[PDB]
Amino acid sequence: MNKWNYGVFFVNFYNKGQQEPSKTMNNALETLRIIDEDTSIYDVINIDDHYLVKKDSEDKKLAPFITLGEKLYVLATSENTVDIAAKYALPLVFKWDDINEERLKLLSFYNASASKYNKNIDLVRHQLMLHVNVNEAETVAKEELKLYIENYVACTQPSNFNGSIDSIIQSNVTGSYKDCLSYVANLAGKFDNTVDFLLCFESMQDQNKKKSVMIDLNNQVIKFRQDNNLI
């Protein structure tokens, strides 16, 4: 409730970045391995696949409901699909490809709508979806995440790709460790400190890096909690 739960997510696509169709998955099976045996704190896994047109037999967009464990959430996909969520008090799951700016404009309607329906959402915690990529070398990390995406937008019809693939990244989480930690736990802030994270560590090719950037942070939260009043 000040205590930040952590989850993991994966996109669902064919041959992300460069990785050969079989490889993308073995990596993702490893990402899950850690979860089970080499960590704790990663307590839920998600599967971003939202780039899809979800409409019934009447060209009617379905209600993006995200399920995490017993809990149920709804993707803050728009101003209408977000307003509505206020109505029933449901928490939102912030998109990954949302320039932090614009995605901030949406927890805004969600404070404004909550108001409207005179709803009391002080205990509703949003979920933030970030694409981590940690490499002591500033720049390798960014040119690596610009491959997980550049593929991803082959599918989605992107106008951005005229002037924006850098911002998404700039919005996402990358660089050395400390600047990664100090960036998110900075961003939490711009979200009135009301979010939990679903962070994709799949741009990261060097498995050993990834396994190390995972159990590090585990051993970090597991402590931060322990250390001072959590569980």
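Residue numbers run from 1 along the displayed sequence.
- The mean Cα B-factor in the deposited entry runs higher for 146-154 than for the other of 130-138 and 146-154.
- The PDB entry reports B-factors from which the mean C-alpha value can be compared for 56-64 and 185-193; the larger average falls on 56-64.
- Highest C-alpha temperature factor among 46, 174, 31, 162, as the PDB entry reports it: 162.
- Among the modelled residues of its chain, residue 168 has a C-alpha B-factor that falls in the highest third according to the deposited record.
- In the deposited entry, the Cα temperature factor of residue 15 places it in the highest third of its chain's modelled residues.
- For residue 121, the recorded CA temperature factor ranks within the highest third of the chain's modelled residues.
- The deposited CA B-factor of residue 24 belongs to the highest third of values across its chain.
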